[PDB]
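Examination of the molecular architecture
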Amino acid sequence: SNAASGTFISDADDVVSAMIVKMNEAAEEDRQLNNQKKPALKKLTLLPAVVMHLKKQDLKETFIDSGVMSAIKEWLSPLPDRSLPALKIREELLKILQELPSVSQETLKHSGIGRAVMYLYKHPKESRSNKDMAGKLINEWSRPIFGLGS
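The chain carries the name Protein IWS1 homolog in the PDB entry, which gives Homo sapiens as its organism. As recorded in the PDB, this entry has the title "TFIIS N-terminal domain (TND) from human IWS1".

Encoded structure:
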């Protein structure tokens, strides 16, 4: 056993990093499941499990640095079948993306999360309610303000 004698944050960081990893593994597993034409739902079984961890706004720093934005981006990414069973999962994930504090625009750009959101936002099969939060995200993740407006 140990006690605090300086920074005690360690166990929490390992868990956040492991969560990013598990999200990635579930995203890759869905690719393999699809390769065998079996139902791919690993992101779905892991959905309530990630939400419990993703809501740890206290650990915002580790989540952003470990690249949760990249793992969420792959969860939004569907199989080559173009069906989007990820819809049920995205209902929670979109919200979590708006709970982020001051993630740099560079992170959104590098992870490609903005592109993943835009893909679904412009997707013709998608519902208005889910698109609203997708549109909000594109707005709050730096409006491009080209000009000719108020």
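Our next topic: the environment of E91. Turning to its location among the elements, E91 is positioned in helix α5 (residues 87–98). Overall, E91 belongs to the partly exposed group, its relative accessible area being 45%. Spatially, the C-alpha atom of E91 lies 14 Å from that of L46, the residues being 45 residues apart in sequence.

What follows deals with the packing of helix α1 (residues 11–35) against helix α2 (residues 42–54). Working note: a packed helix pair is described by the angle between its axes plus the distance between those axes. α2 packs onto α1 with a crossing angle of 165 degrees between their chain directions and a minimal axis gap of 10 Å. Regarding the angle of α1 to α2, the classification is roughly antiparallel. Regarding α1 and α2, the two cross each other, and that crossing is left-handed. Of the residues in α2, those touching α1 at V15, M19, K22, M23, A26, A27, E29, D30 and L33 are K42, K43, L46, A49, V50, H53 and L54.

The next subject is the packing of α1 against helix α4 (residues 68–76). At their nearest, the axes of α1 and α4 sit 9 Å apart, and the two run at 25 degrees to each other. On the basis of the axis angle, α1 is roughly parallel to α4. Here the hand of the crossing between α1 and α4 comes out left-handed. The residues of α4 that touch α1, namely those facing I20, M23, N24, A26, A27 and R31, are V68, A71, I72, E74 and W75. Looking at the contact of α1 with α4 residue by residue, the class counts come to 8 nonpolar, 1 polar and 2 charged.

Rules and cut-offs
Residues numbered from 1 in each chain as written, not as in the entry; some residues may be left out. Heavy atoms only, no water. Helix = DSSP H or I, 4+ residues; strand = E, 2+ residues; numbered from the N terminus. Buried < 20%, exposed > 50% of the residue type's maximum accessible area, 1.4 Å probe, protein only. Axes fitted to C-alpha atoms, helices over the stretch in contact; angles between N-to-C directions. Parallel < 35°, antiparallel > 145°, perpendicular 65-115°, else oblique. Left-handed = near helix turned anticlockwise from the far one by under 90°. Contact = heavy atoms within 4.5 Å. Nonpolar A, V, L, I, M, F, W, Y, C, P; charged D, E, K, R; others polar.

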